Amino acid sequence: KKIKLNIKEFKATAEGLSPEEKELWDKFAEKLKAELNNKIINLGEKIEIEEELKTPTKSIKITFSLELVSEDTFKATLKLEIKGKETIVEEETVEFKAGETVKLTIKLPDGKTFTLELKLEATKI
């Protein structure tokens, strides 16, 4: 069976970000908001939305994964991966219900925080 998602509420904020990090985060957030609104997803289906910054010295990939675990029930992961001299990964996984706000947060060294808050409508179709 299928559901159609809609973004009821959405808020992406950040602290301590460098200009390029903030640009990337805002672009990711807008991409996520547009991709999730009107998204059709099947029971048990996992989807992923990603945005990447590539430069010769470093790559930054932000990914949001969403799984329709059961009726009105979701599992999401927000993940940041930086590939430089070494590779750093930070991520958070949350389980939440349709119609309730969920918050996902990434914290990095030097006072950097990425925060995503959203509320999903799940319409049976």
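In this text, residue numbers run from 1 along the sequence as written.
- Looking at mean Cα B-factors across 52 to 60 and 88 to 96, the upper value is held by 52 to 60.
- Taking only CA atoms, the mean B-factor in the PDB entry is higher for 11 to 19 than for the other of 112 to 120 and 11 to 19.
- In this entry, the residue among 31, 83, 39, 75 with the greatest C-alpha B factor is 83.
- Annotation for residue 5: CA B-factor lies in the lowest third of the chain's modelled residues.
- Annotation for residue 71: C-alpha temperature factor in the highest third relative to the rest of the modelled chain, per the entry.
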